[PDB]
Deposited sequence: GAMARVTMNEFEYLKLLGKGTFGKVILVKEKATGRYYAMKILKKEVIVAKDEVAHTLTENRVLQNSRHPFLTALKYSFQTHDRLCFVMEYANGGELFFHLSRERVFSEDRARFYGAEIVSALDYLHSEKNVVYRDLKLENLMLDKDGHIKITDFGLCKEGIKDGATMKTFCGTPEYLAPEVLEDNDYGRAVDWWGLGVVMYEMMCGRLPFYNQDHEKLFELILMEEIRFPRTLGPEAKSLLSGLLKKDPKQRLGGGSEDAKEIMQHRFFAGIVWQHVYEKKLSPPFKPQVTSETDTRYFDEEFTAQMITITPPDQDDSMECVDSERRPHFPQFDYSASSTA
């Protein structure tokens, strides 16, 4: 369907080793999107090809209120482009870099939406996400969670089926992954535990700048609990950050159903979470469609400037 010329390139949202994300406007509809533009040479050079094709399939195949939606994929001679829905609220990382701690109510709201999304990925799509983190969690214009970055997903993973790839983000890696063991979908609940910990405690549960020291903490140290934490929050964090995945909350046959039943989530009607009938704790305060106040000035102040990826190109329908 579309090419580079079907879009206006407005604001830089972010940039990294593999490319950039630009706030774009679709000429034909006036609708705003975020276009992820990756450098083919970098992707090939870093051996990222299968990840990019995995992200593409997972985005195409998923339809969920808390997963980032994809409208178009296409490519050029030297570029791969994902046109995704724009999330004006930025990353959770942006907000926690400024607030330091969310209230338990606010953390509960996001936690419930993340659970909803991961449950769908596991149960409906047979996908394990593997890279949950503050950077990959965005807020849409209404204040709802959007998971991003599906390049590390494992596809075709059923109930207890296991995985081998050493991957994720170092600070977030589960013990069983660091043990060099085959691991299952419960790695996602470890990642949920680290994210909830960060939201409610204002730091990672395990941290060293040195990865060997970091990995040692993850494997060896019990989590610390700030004295501000309520008992059900403590219990939830304690259960999600069990080092043995067989003992982790969500680590059995019932997967996410076990987390949903936990008393930390006692207020929560899961069908209302999905139907988005629960009032968000924060609505992004934007003055226009192009207000990028929830993206780093470092990026937004900047001016905008070998192989064929088979079966990449895509356009959404309904």
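Coordinate coverage of the deposited sequence is interrupted at 1 to 4, 310 to 326, 340 to 341, where no C-alpha atom was modelled.
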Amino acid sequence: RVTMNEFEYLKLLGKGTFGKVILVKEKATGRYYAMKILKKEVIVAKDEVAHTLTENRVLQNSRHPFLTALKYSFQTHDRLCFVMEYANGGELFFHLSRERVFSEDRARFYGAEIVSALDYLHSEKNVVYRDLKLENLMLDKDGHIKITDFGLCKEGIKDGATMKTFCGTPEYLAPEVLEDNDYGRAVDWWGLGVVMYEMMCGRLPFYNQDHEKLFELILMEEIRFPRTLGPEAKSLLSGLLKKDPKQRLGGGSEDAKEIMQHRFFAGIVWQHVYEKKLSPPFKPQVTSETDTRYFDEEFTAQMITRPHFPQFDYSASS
From here on, numbers count along this sequence of modelled residues.
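Between two forms, the rigid core is the largest collection of C-alphas that superpose within 1.5 Å.
The stretch that moves more in 5 other deposited structures of this protein, judged by CA deviation after a rigid core superposition and choosing between 283 to 291 and 56 to 64, is 283 to 291.
Taking the rigid core as the alignment reference, the C-alpha atoms of 219 to 227 lie farther on average from the displayed form in 5 other deposited structures of this protein than those of the other stretch among 105 to 113 and 219 to 227.
Compared with the other entries of this protein, residue 305 is frequently left unbuilt, missing from a third or more of those that build its neighbours.
Legend: mean Cα B-factor per stretch from the PDB entry, 257 to 265 versus 38 to 46; the higher mean is in 38 to 46. In this entry, 74 to 82 has the higher mean Cα B-factor, the comparison being between 139 to 147 and 74 to 82. Annotation for 131, 159, 182, 119: 159 ranks highest, by Cα B-factor.
Considering 248, 98, 234, 154 together, the PDB entry gives 98 the largest C-alpha B factor. The deposited CA B-factor of residue 66 belongs to the lowest third of values across its chain.
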